[PDB]
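Participant: Sharing input_18.cif, mmCIF, C-alpha atoms (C1' of nucleotides):
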data_target
#
loop_
_atom_site.group_PDB
_atom_site.id
_atom_site.type_symbol
_atom_site.label_atom_id
_atom_site.label_comp_id
_atom_site.auth_asym_id
_atom_site.auth_seq_id
_atom_site.Cartn_x
_atom_site.Cartn_y
_atom_site.Cartn_z
ATOM 1 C CA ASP E 588 116.741 56.027 179.032
ATOM 2 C CA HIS E 589 115.676 55.440 175.446
ATOM 3 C CA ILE E 590 111.980 54.841 174.791
ATOM 4 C CA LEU E 591 110.466 53.140 171.743
ATOM 5 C CA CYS E 592 107.002 54.374 170.760
ATOM 6 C CA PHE E 593 104.672 52.121 168.766
ATOM 7 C CA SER E 594 102.004 53.854 166.698
ATOM 8 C CA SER E 595 98.538 52.683 165.656
ATOM 9 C CA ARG E 596 99.743 51.745 162.149
ATOM 10 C CA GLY E 597 102.871 49.748 163.021
ATOM 11 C CA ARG E 598 105.518 52.478 163.087
ATOM 12 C CA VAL E 599 108.350 52.695 165.623
ATOM 13 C CA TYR E 600 110.002 55.903 166.834
ATOM 14 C CA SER E 601 112.914 56.576 169.180
ATOM 15 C CA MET E 602 113.260 59.313 171.789
ATOM 16 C CA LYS E 603 114.938 60.116 175.096
ATOM 17 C CA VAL E 604 112.924 60.741 178.248
ATOM 18 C CA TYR E 605 114.255 64.193 179.159
ATOM 19 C CA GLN E 606 113.179 65.574 175.769
ATOM 20 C CA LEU E 607 109.575 65.324 176.982
ATOM 21 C CA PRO E 608 108.053 68.586 178.264
ATOM 22 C CA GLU E 609 108.263 69.315 181.984
ATOM 23 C CA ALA E 610 105.203 70.646 183.799
ATOM 24 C CA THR E 611 103.377 70.682 187.137
ATOM 25 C CA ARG E 612 100.159 69.097 188.379
ATOM 26 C CA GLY E 613 97.996 72.024 187.282
ATOM 27 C CA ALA E 614 99.259 71.926 183.703
ATOM 28 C CA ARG E 615 97.858 69.651 180.994
ATOM 29 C CA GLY E 616 101.004 69.186 178.901
ATOM 30 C CA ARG E 617 101.621 69.832 175.228
ATOM 31 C CA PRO E 618 100.510 67.974 172.086
ATOM 32 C CA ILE E 619 102.791 65.111 171.068
ATOM 33 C CA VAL E 620 102.461 65.808 167.329
ATOM 34 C CA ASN E 621 105.199 68.429 167.702
ATOM 35 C CA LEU E 622 107.734 65.883 168.967
ATOM 36 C CA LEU E 623 107.025 63.130 166.436
ATOM 37 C CA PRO E 624 105.940 63.317 162.755
ATOM 38 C CA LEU E 625 102.695 61.440 163.321
ATOM 39 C CA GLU E 626 99.857 61.096 160.821
ATOM 40 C CA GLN E 627 96.432 62.749 161.039
ATOM 41 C CA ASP E 628 94.899 60.108 163.338
ATOM 42 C CA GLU E 629 97.904 57.950 164.267
ATOM 43 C CA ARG E 630 98.262 57.436 168.021
ATOM 44 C CA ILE E 631 100.862 55.961 170.367
ATOM 45 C CA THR E 632 99.831 52.781 172.178
ATOM 46 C CA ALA E 633 102.984 51.281 173.735
ATOM 47 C CA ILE E 634 106.276 52.495 175.222
ATOM 48 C CA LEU E 635 109.296 50.307 176.024
ATOM 49 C CA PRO E 636 112.145 51.759 178.129
ATOM 50 C "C1'" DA J 1 145.680 96.282 156.844
ATOM 51 C "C1'" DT J 2 148.190 99.044 153.233
ATOM 52 C "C1'" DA J 3 147.742 100.576 148.291
ATOM 53 C "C1'" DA J 4 145.293 102.462 143.278
ATOM 54 C "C1'" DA J 5 141.368 105.285 141.515
ATOM 55 C "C1'" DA J 6 136.562 107.729 141.980
ATOM 56 C "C1'" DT J 7 131.161 110.279 143.417
ATOM 57 C "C1'" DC J 8 126.865 113.698 145.571
ATOM 58 C "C1'" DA J 9 123.167 117.186 148.475
ATOM 59 C "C1'" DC J 10 122.252 122.264 150.336
ATOM 60 C "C1'" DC J 11 122.893 128.083 151.240
ATOM 61 C "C1'" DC J 12 123.495 133.022 149.516
ATOM 62 C "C1'" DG J 13 121.963 137.513 144.493
ATOM 63 C "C1'" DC J 14 121.279 138.397 139.966
ATOM 64 C "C1'" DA J 15 120.350 138.148 135.173
ATOM 65 C "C1'" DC J 16 117.951 135.808 131.444
ATOM 66 C "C1'" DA J 17 115.670 131.991 128.375
ATOM 67 C "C1'" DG J 18 111.774 129.141 128.328
ATOM 68 C "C1'" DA J 19 107.070 127.423 129.920
ATOM 69 C "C1'" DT J 20 102.092 128.191 131.614
ATOM 70 C "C1'" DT J 21 98.095 131.525 132.286
ATOM 71 C "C1'" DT J 22 94.806 135.218 131.794
ATOM 72 C "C1'" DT J 23 93.017 138.743 128.648
ATOM 73 C "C1'" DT J 24 91.715 140.826 124.628
ATOM 74 C "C1'" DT J 25 90.243 140.607 119.674
ATOM 75 C "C1'" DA J 26 88.725 139.349 115.149
ATOM 76 C "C1'" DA J 27 86.155 135.803 112.659
ATOM 77 C "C1'" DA J 28 82.084 132.868 112.304
ATOM 78 C "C1'" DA J 29 77.067 132.418 113.317
ATOM 79 C "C1'" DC J 30 71.944 133.286 114.105
ATOM 80 C "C1'" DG J 31 67.492 135.753 113.557
ATOM 81 C "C1'" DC J 32 64.711 139.177 111.072
ATOM 82 C "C1'" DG J 33 63.707 142.076 107.263
ATOM 83 C "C1'" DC J 34 63.376 144.598 102.826
ATOM 84 C "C1'" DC J 35 64.457 145.975 98.029
ATOM 85 C "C1'" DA J 36 67.894 144.835 93.992
ATOM 86 C "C1'" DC J 37 67.859 141.903 90.795
ATOM 87 C "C1'" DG J 38 66.521 138.797 87.425
ATOM 88 C "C1'" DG J 39 62.594 136.443 84.766
ATOM 89 C "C1'" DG J 40 59.034 137.172 81.118
ATOM 90 C "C1'" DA J 41 56.898 139.715 77.304
ATOM 91 C "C1'" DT J 42 57.240 143.287 73.654
ATOM 92 C "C1'" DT J 43 60.053 147.119 70.261
ATOM 93 C "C1'" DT J 44 64.423 148.338 68.227
ATOM 94 C "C1'" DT J 45 68.926 148.250 65.982
ATOM 95 C "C1'" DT J 46 73.355 146.369 64.189
ATOM 96 C "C1'" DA J 47 77.212 142.392 63.567
ATOM 97 C "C1'" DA J 48 78.449 139.667 60.646
ATOM 98 C "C1'" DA J 49 77.841 136.912 56.312
ATOM 99 C "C1'" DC J 50 78.047 137.672 51.319
ATOM 100 C "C1'" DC J 51 79.215 139.123 46.650
ATOM 101 C "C1'" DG J 52 82.902 141.054 43.926
ATOM 102 C "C1'" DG J 53 87.977 142.512 43.189
ATOM 103 C "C1'" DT J 54 93.151 143.875 44.619
ATOM 104 C "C1'" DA J 55 97.603 144.006 47.308
ATOM 105 C "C1'" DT J 56 100.382 142.419 50.397
ATOM 106 C "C1'" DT J 57 102.454 138.783 53.986
ATOM 107 C "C1'" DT J 58 103.705 134.045 55.366
ATOM 108 C "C1'" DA J 59 105.461 129.527 55.217
ATOM 109 C "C1'" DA J 60 107.998 125.983 52.969
ATOM 110 C "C1'" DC J 61 112.837 125.202 51.182
ATOM 111 C "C1'" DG J 62 118.066 125.042 50.866
ATOM 112 C "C1'" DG J 63 122.938 125.910 53.822
ATOM 113 C "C1'" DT J 64 126.035 126.517 58.291
ATOM 114 C "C1'" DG J 65 127.248 126.616 63.070
ATOM 115 C "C1'" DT J 66 126.234 125.807 67.519
ATOM 116 C "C1'" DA J 67 123.641 124.627 72.600
ATOM 117 C "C1'" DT J 68 121.338 120.749 74.853
ATOM 118 C "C1'" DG J 69 119.206 115.957 76.061
ATOM 119 C "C1'" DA J 70 120.048 111.535 77.214
ATOM 120 C "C1'" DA J 71 123.341 108.734 79.572
ATOM 121 C "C1'" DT J 72 126.700 107.853 83.635
ATOM 122 C "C1'" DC J 73 128.378 108.588 88.222
ATOM 123 C "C1'" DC J 74 128.201 109.867 92.488
ATOM 124 C "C1'" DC J 75 126.385 111.833 97.476
ATOM 125 C "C1'" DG J 76 123.028 114.043 101.031
ATOM 126 C "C1'" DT J 77 117.331 113.168 102.114
ATOM 127 C "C1'" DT J 78 113.522 111.009 103.390
ATOM 128 C "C1'" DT J 79 110.714 106.299 104.069
ATOM 129 C "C1'" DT J 80 109.994 102.208 105.845
ATOM 130 C "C1'" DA J 81 110.904 98.103 108.118
ATOM 131 C "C1'" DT J 82 112.711 96.597 112.603
ATOM 132 C "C1'" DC J 83 114.655 96.287 117.304
ATOM 133 C "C1'" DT J 84 114.156 97.616 122.886
ATOM 134 C "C1'" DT J 85 111.286 99.808 126.636
ATOM 135 C "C1'" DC J 86 108.345 101.634 131.042
ATOM 136 C "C1'" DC J 87 103.883 101.844 132.865
ATOM 137 C "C1'" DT J 88 99.468 99.017 133.707
ATOM 138 C "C1'" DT J 89 98.110 94.990 135.779
ATOM 139 C "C1'" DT J 90 97.207 91.097 138.649
ATOM 140 C "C1'" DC J 91 98.642 87.643 141.615
ATOM 141 C "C1'" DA J 92 100.546 84.161 144.482
ATOM 142 C "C1'" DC J 93 103.672 84.955 148.445
ATOM 143 C "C1'" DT J 94 105.249 87.004 152.390
ATOM 144 C "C1'" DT J 95 105.016 89.843 156.164
ATOM 145 C "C1'" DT J 96 102.947 92.212 159.803
ATOM 146 C "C1'" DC J 97 99.218 93.685 162.719
ATOM 147 C "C1'" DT J 98 95.041 92.460 165.849
ATOM 148 C "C1'" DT J 99 92.205 89.452 168.449
ATOM 149 C "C1'" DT J 100 91.763 85.268 171.117
ATOM 150 C "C1'" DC J 101 93.090 81.178 174.087
ATOM 151 C "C1'" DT J 102 95.042 79.329 177.497
ATOM 152 C "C1'" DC J 103 98.725 78.915 181.621
ATOM 153 C "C1'" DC J 104 99.441 79.974 185.663
ATOM 154 C "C1'" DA J 105 101.328 82.083 190.049
ATOM 155 C "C1'" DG J 106 99.105 84.211 193.992
ATOM 156 C "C1'" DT J 107 95.701 84.529 197.592
#
Can the structure in the file be given as structure tokens, please?
Facilitator:
Amino acid sequence: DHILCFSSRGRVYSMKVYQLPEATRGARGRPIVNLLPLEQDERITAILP
DNA sequence: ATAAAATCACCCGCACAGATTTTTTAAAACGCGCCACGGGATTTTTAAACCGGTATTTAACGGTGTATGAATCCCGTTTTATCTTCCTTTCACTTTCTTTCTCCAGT
């Protein structure tokens, strides 16, 4: 499924779910700045499948 | 995949020309000293100027017949102005090594 990510400054980005990193309960994940060209303090606040 | 054409390192002995490397030698220098020489003040002697006069010796002058000085044309020689260059240098970039930070599976 496609997901639309809305940033803290009004931007919209597109991605597919399986491109997200896979991990277990003990892990903490990976930073999202690698996946999307975000700004210095821009953050994601909404996702729409 | 078939044709055309090219290039370099080392080993083994021996003789000699050229390039460092010690080694010896003659010139230049320094310190100390003494006596050979030149300055200063008398005696002595002689070189040259001056009067003669005479007896030569030179230079200026008038004809002939050359040898050379200035001018021209070249070509090897050396100077000077004018190009390219390799090492020194840093320096921003890139790469590569070393330490650290987590993940994380296992018990």
Participant: Enter the distance from CA of residue 608 (chain E) to CA of residue 620 (chain E), in Å, rounded to one decimal.
Facilitator: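 If I compute the distance from CA of residue 608 (chain E) to CA of residue 620 (chain E), I get 12.6 Å.
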Participant: Taking the file above as input, evaluate the PyMOL selection byres ((chain J) within 12 of (chain E)) and report the hits as JSON, numbers by chain.
Facilitator: {"J": [102, 103, 104, 105]}
Participant: For residue 591 (chain E), find every residue with an atom within 9 Å (counting all atoms listed in the file), except residues of its own chain fewer than 5 positions away, and show them as a compact mmCIF listing (two decimals) with C-alpha atoms, in the coordinates of the input.
Facilitator:
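Listed below is the output, selection.txt:
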# COMPACT_ATOMS: atom_id res chain seq x y z
CA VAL E 599 108.35 52.70 165.62
CA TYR E 600 110.00 55.90 166.83
CA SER E 601 112.91 56.58 169.18
CA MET E 602 113.26 59.31 171.79
CA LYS E 603 114.94 60.12 175.10
CA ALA E 633 102.98 51.28 173.74
CA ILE E 634 106.28 52.50 175.22
CA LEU E 635 109.30 50.31 176.02
CA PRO E 636 112.14 51.76 178.13
Participant: What does the distance between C1' of residue 101 (chain J) and CA of residue 609 (chain E) come to in Å, to one decimal place?
Facilitator: 20.8 Å
Participant: Quick one, how far is CA of residue 588 (chain E) from CA of residue 625 (chain E)?
Facilitator: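 For CA of residue 588 (chain E) relative to CA of residue 625 (chain E), the distance reads 21.8 Å.
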Participant: Box time for region 596-605 of chain E: axis-aligned, enclosing all its listed atoms, 3 Å extra on each side; report centre and edge lengths in Å to one decimal, as JSON.
Facilitator:
{"center_x": 107.3, "center_y": 57.0, "center_z": 170.7, "size_x": 21.2, "size_y": 20.4, "size_z": 23.0}
Participant: Taking only C-alpha atoms into account, which of E:632, E:621, E:627, E:594 comes nearest residue 606 (chain E)?
Facilitator: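 Using only C-alpha atoms, residue 606 (chain E) sits closest to E:621.
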Participant: Dig up all the protein and nucleic acid residues within 10 Å of (98.5, 51.7, 162.5) in the file frame, using all atoms listed in the file, and format them as a ChimeraX atom specification.
Facilitator: /E:593-598,626,628-632
